[PDB]
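Notes follow once the structure below has been shown.
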Amino acid sequence: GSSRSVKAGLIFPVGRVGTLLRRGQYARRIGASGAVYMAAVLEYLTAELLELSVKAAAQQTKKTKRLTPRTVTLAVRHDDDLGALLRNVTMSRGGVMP
Amino acid sequence: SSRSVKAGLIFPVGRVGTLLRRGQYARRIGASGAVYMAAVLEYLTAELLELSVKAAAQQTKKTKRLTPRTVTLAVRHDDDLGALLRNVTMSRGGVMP
Amino acid sequence: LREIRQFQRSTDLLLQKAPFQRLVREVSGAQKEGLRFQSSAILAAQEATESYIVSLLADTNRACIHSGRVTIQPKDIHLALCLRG
Amino acid sequence: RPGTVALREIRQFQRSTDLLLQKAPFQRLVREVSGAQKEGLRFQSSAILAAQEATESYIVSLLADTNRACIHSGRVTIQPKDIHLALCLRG
Amino acid sequence: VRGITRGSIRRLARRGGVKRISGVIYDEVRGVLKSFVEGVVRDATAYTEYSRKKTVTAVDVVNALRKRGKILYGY
Amino acid sequence: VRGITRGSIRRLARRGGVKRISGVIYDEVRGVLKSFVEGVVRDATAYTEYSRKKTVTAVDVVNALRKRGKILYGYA
Amino acid sequence: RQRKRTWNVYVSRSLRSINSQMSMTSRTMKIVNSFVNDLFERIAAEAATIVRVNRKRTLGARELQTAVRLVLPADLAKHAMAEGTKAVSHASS
Amino acid sequence: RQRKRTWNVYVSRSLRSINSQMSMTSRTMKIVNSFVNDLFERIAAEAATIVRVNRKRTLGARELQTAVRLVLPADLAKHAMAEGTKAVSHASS
DNA sequence: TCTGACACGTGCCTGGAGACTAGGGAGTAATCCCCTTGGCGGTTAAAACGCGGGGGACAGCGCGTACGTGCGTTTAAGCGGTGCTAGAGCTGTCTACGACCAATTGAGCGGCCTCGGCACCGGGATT
DNA sequence: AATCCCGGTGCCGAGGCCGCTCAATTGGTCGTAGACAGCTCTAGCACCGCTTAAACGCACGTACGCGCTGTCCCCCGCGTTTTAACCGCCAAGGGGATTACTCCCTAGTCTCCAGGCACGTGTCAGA
């Protein structure tokens with residue numbers, strides 16, 4: 001774990017997120033707290049997607065322990081909020097909900 | 001301005017460059033970039049006004065002023081500019097019959 | 001038939017302007033009470049609300065005429081919404 | 001037996017994830033379209049697949065929307081006017 | 001939302017090009033209009049709250065609409 | 001577009017969930033598929049030509065798709 | 001009170017370029033001003049996205065060529081890029 | 001060859017935190033990686049738009065609080081803002 | 001025809017512009033090898049055609065009810081004129097902090113290795 | 001007649017460990033712009049009243065909506081034959097990718113003036 005990410009308790013890297021923000025030239029200057037906040041938001045969103053995908057994999061008749069792209073697609077399309085954010089988004093080799 | 005008239009344009013090239021710098025789209029902004037943006041903006045404005053003028057003559061009344069209704073009709077009639085502006089709602093415009 | 005052409009030719013604001021202000025302020029209070037507005041922004045929020053509903057109803061008309069009817073029905077509005085989001 | 005193999009294919013091809021367009025003719029179509037801009041342009045093997053999957057998604061969404069319009073019209077047979085209506089309502 | 005009367009919906013429909021309106025259309029149109037206005041105001045409220053101001057200027061509403069997709073010219 | 005066989009259109013429609021297909025749907029779906037692919041390729045070639053490259057890469061296609069609001073996941 | 005920055009003067013000159021006696025209302029002036037503003041925003045945002053994708057730090061004329069190619073429709077894009085290149089070449093000399 | 005930077009380690013750590021016995025295929029790794037990249041770009045573009053419109057130069061936490069509230073749906077955005085504020089408060093002190 | 005509305009005269013002011021300096025970064029040459037083209041053959045899923053028939057597409061008919069249209073009453077919208085004041089817009093200022101640089105180092109990545117999780121396929125349950 | 005559960009497997013394919021480096025981290029300086037306080041007057045909300053467009057309640061007819069009937073040919077869906085798509089393989093080499101290097105082009109500073117704009121007014125479209 002990175003020193004500046006562990007101090008914030010997150011899992012995503014604060015330093016790399018800040019570097020990506022600076023390299024993208026989104027703004028002339030970027031606050032240090034902004035990188036921490038973006039890392040936290042990305043971590044939460046990834047965690048939410050992974051929780052939904054895990055629940056959808058558990059919902060399947062087969063107790064598969066590997067997250068196939070179809071499982072991620074089903075978890076996204078079955079949700080009411082993560083499926084609205086990811087509308088007009090095509091998951092590769094994910095198919096469509098039946 | 002010196003560069004607006006030197007480039008052969010009517011739109012500013014100083015305003016465009018300063019706007020691009022203030023937007024921070026990139027850390028460095030080329031001098032020719034301002035000229036190119038001003039040229040593109042001038043051409044698009046000229047094309048929009050040309051369509052407005054053309055569509056104002058087809059009205060039953062020979063109005064010599066471009067009301068928002070007339071410019072909206074001109075935008076809606078053209079395929080090319082219409083596709084670009086296919087989702088904008090001009091204020092106090094209208095819907096073509 | 002007359003009113004269709006009359007309203008397509010017209011370009012004035014169509015929704016009632018004071019009830020719309022009441023709806024905007026009610027929604028703002030529902031989000032969080034105390035927020036003030038601007039008299040130049042309600043008209044902006046209305047000319048893009050009447051435009052949205054007019055486009056939706058034109059799509060509804062296309063859907064209903066495609067069905068052989070001339071009268072819009074809730075299923076037509078639901079098809080128009082489901083086809084665009 | 002009209003009304004048996006149709007739903008067989010509906011349930012068979014909606015639970016699947018593999019590609020549906022034949023890869024070679026779609027690749028030929030992509031290269032023919034690109035040749036109209038600049039002849040001799042080269043395509044990454046991944047770029048053609050990324051275009052094919054997006055085209056599959058677009059056509060699947062368009063045909064599902066057209067089927068919704070056809071069902072709304074009280075039919076089960078999609079017709080070109082259904083596709084035109086779906087395209088008009090989408091954009 | 002009930003303030004939005006039947007007459008306004010009928011006039012908007014006429015501008016949309018219909019010839020007849022069902023009696024159940026009005027409630028659905030009121031619901032859709034309320035939802036759209038709720039989203040637009042919710043978003044303009046966020047833009048205003050960032051600015052540390054408590055007024056919703058036309059620029060904020062235009063930006064909220066622009067993010068939503070329905071761009072607006074003239075403000 | 002004639003390489004886009006009836007079988008491919010039928011499979012796409014079955015995945016989309018249709019029951020019966022008219023004999024004229026194939027031509028119109030071919031037309032719209034050709035238009036979409038033409039737009040995507042004409043948009044990706046701009047990215048490829050800007051970067052002095054003669055090879056259209058998957059990142060260019062993904063960016064072109066994102067331009068049209070058809071964001072694609074899994075190719076970057 | 002800070003001065004107001006608009007394109008009214010340039011839009012008026014552009015209108016005078018085609019038809020001298022043609023005129024436009026204040027609301028139409030605001031419409032054209034907003035059209036200019038959002039077209040500038042669209043093209044500049046596309047150019048910035050191109051710069052970010054290609055890992056560069058300059059939003060020059062070459063980036064704006066591709067931004068105009070991507071944003072505008074092809075038939076209008078051809079004329080727009082031709083005008084931009086002509087203006088850039090005229091300015092350079 | 002230059003090293004390629006991806007969120008594979010981070011996404012895998014998040015999965016292990018969510019469920020220690022789970023795993024995803026390489027294609028799902030790419031899907032989640034592109035998901036994170038797309039959300040990064042979408043939130044940062046809105047933050048940059050907020051900075052541009054209000055004529056500022058710093059992209060701090062507030063510019064991302066408002067960006068998250070603007071982009072994501074309300075129920076998911078509320079949790080995202082709560083977690084971001086929690087992490088910022090943890091890091092500052 | 002008066003009513004309203006767009007565009008000169010004029011002065012004021014900030015930003016556009018030119019000269020100068022100083023590096024940052026874009027472009028280019030050199031070089032290496034990665035991936036794309038390509039064509040071919042071997043295989044086998046796929047489709048193109050011909051065909052029978054059956055069942056939805058389409059149209060005509062009929063019943064009715066709900067939607068439009070006209071009358072008449074009522075309700076509040078619009079405006080617009082005024083009044084009070086809450087707060088946006090603007091100007092100074094004083095710091096907190098973000099950029100930049102030099103030094104240090106470890107978290108992550110590429111490569112090699114590893115081991116068990118699982119897609120599959122047929123065989124036996126099921127519908 | 002068709003559709004789902006599972007045993008063995010081999011067949012990968014994701015996870016694990018070692019060396020290494022590039023980017024993260026820390027300390028120090030400095031300038032900058034963001035937050036804060038105050039002044040000011042803009043406009044935003046509140047209210048009263050007139051005019052009346054507009055909403056609304058009712059009466060009444062019809063005509064479009066919905067269901068039913070009958071046809072018929074437009075498509076399922078089956079078997080044959082063709083054929084072209086999928087995969088793996090061999091090279092060729094064009095071009096992507098990386099690095100070193102050069103210069104030119106742009107950021108930043110300083111000084112200057114004039115292009116842009118706010119108010120007022122002069123003069124002309126329109127209902």
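Compared with the direct C-alpha span, the chain from D:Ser45 to D:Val76 gains 7.3 nm at full extension, assuming 0.36 nm per residue. Placing unit charges on each Cβ (+1 for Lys and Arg, -1 for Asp and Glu) gives the range H:9-92 a dipole about its Cα centre, and among H:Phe40, H:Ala74, H:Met24 the Cα reaching farthest toward its positive end belongs to H:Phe40.
Structure shown: which of B:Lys6/H:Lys56; C:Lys32/E:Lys70; G:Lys56/H:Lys56; D:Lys38/F:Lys53; G:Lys56/H:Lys4; G:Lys56/H:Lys30 lie over 21 Å apart, alpha-carbon to alpha-carbon? Kindly include the intermediate steps, with their values, before the conclusion.
Values: B:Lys6/H:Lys56 32 Å; C:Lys32/E:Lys70 24 Å; G:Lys56/H:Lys56 23 Å; D:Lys38/F:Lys53 13 Å; G:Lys56/H:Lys4 17 Å; G:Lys56/H:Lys30 25 Å.
Over 21 Å Cα-Cα: B:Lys6/H:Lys56; C:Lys32/E:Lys70; G:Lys56/H:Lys56; G:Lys56/H:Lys30.
In chain F, the longest principal axis of the Cα atoms and the axis of helix F:58-67 are about 70 degrees apart. Cβ crowding within 10 Å ranks D:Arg11, E:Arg30 as D:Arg11, E:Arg30, fewest other Cβ atoms first. Considering only C:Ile42, C:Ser28, C:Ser55, the residue lying farthest towards the positive end of the dipole of the range C:16-82 is C:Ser28, judged by Cα position with unit charges set on Cβ.
Taking the longest Cα principal axis of chain D as reference, the axis of helix D:80-90 is set at about 70 degrees.
With a cut-off of 13 Å between beta carbons, the residues surrounding B:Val71 carry a summed charge of +4, where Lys and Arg count +1 and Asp and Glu -1.
Here's the list of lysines a cross-link from D:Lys23 could span, going by alpha-carbon distance under 16 Å and ignoring same-chain residues fewer than 8 apart: F:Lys34.
Ranking F:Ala44, F:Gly7, F:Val59 by Cα position along the charge dipole of the range F:6-67, where only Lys, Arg, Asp and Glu carry charges on their C-beta atoms, puts F:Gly7 farthest toward the positive end. Counting only alpha carbon atoms, the long axis of helix D:23-35 and the longest principal axis of chain D meet at about 60°. Rounded to 0.05, the FRET efficiency of the B:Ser2 and H:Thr25 pair, given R0 = 60 Å and the Cβ-Cβ distance, is 0.50.
Residue by residue, the range G:47-52 carries 3J(HN,Hα) couplings of 5, 5, 4, 4, 4, 4 Hz when phi is fed to the Karplus relation 6.51 cos²θ - 1.76 cosθ + 1.60 (θ = phi - 60°); x denotes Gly or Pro. Projecting label points 7 angstrom from Cα along Cα→Cβ for G:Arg5 and H:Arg5 puts them 3.1 nm apart. Once the range B:2-84 is represented by equal point scatterers at the alpha-carbon sites, with solvent omitted, what log10 I(q)/I(0) does the Debye formula produce at q = 0.18, 0.22, 0.26, 0.27 Å⁻¹? Debye output, listed in q order: -0.81, -0.93, -1.08, -1.13. Efficiency by 1/(1 + (r/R0)^6): what FRET value for G:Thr85 and B:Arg27, r their Cβ-Cβ distance, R0 = 22 Å, to the nearest 0.05? For G:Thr85 and B:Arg27, the calculated efficiency is 0.35.
Every helix of 4 or more DSSP H residues in chain G counts as -39500 (n - 2.57), and over all residues that averages to -25500 deg cm²/dmol at 222 nm. Once backbone amide H atoms are built at 1.01 Å from N, A:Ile30 has H:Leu59 as its partners under 5 Å, excluding neighbours fewer than 5 places away on the same chain.
Only DSSP H runs of four or more residues enter the estimate; each adds -39500 (n - 2.57), and after division by the residues of chain C the mean residue ellipticity at 222 nm equals -20000 deg cm²/dmol. In this Cβ point-charge picture (+1 for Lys and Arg, -1 for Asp and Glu), the protein assembly as shown has a dipole of about 840 debye about its Cα centre.
Distances between placed amide hydrogens fall under 5 Å for E:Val56 paired with C:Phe37, C:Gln38, all partners being 5 or more residues away or on another chain. For G:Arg16 and G:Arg57, the difference between the fully extended length at 0.36 nm per residue and the C-alpha to C-alpha distance is 10.9 nm. Using the Cα coordinates of the range E:6-68, the gyration tensor eigenvalues translate into equivalent-ellipsoid semi-axes of 32, 11, 9 Å, sorted from longest to shortest.
Phi-derived couplings, Karplus 6.51 cos²θ - 1.76 cosθ + 1.60 at θ = phi - 60°, listed residue by residue for the range B:21-27: 5, 5, x, 6, 5, 8, 5 Hz, with x used for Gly and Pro. Take the Cα of A:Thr19, go 7 Å toward its beta carbon, and none of the backbone nitrogen atoms of the range H:28-45 fall under 14 Å from that spot. Between amide H atoms placed 1.01 Å from N, distances below 5 Å from H:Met24 occur with A:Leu67, all of them 5 or more places distant or on a separate chain. Sorted from nearest, the other copies put their H:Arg55 label points 3.7 nm away, the label point being 7 Å from Cα in the direction of Cβ.
If I take every Cα pair under 8 Å that is 6 or more residues apart in chain H, average their sequence separation and divide by the length, what percent do I get for the relative contact order? With pairs under 8 Å counted, the relative contact order is 18 percent. Largest first and in whole Å, the equivalent-ellipsoid semi-axes of the protein assembly as shown read 37, 34, 29, each the square root of five times a Cα gyration tensor eigenvalue.
Computed over chain A, relative contact order equals 19 percent, with contacts defined as Cα pairs under 8 Å that lie 6+ residues apart.
Every read-out reported here was derived from the displayed coordinates using simple, explicitly stated rules and does not represent laboratory data. Positions of Cβ are generated from backbone atoms using ideal geometry, with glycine treated the same way; all protein chains shown enter the neighbour counts.
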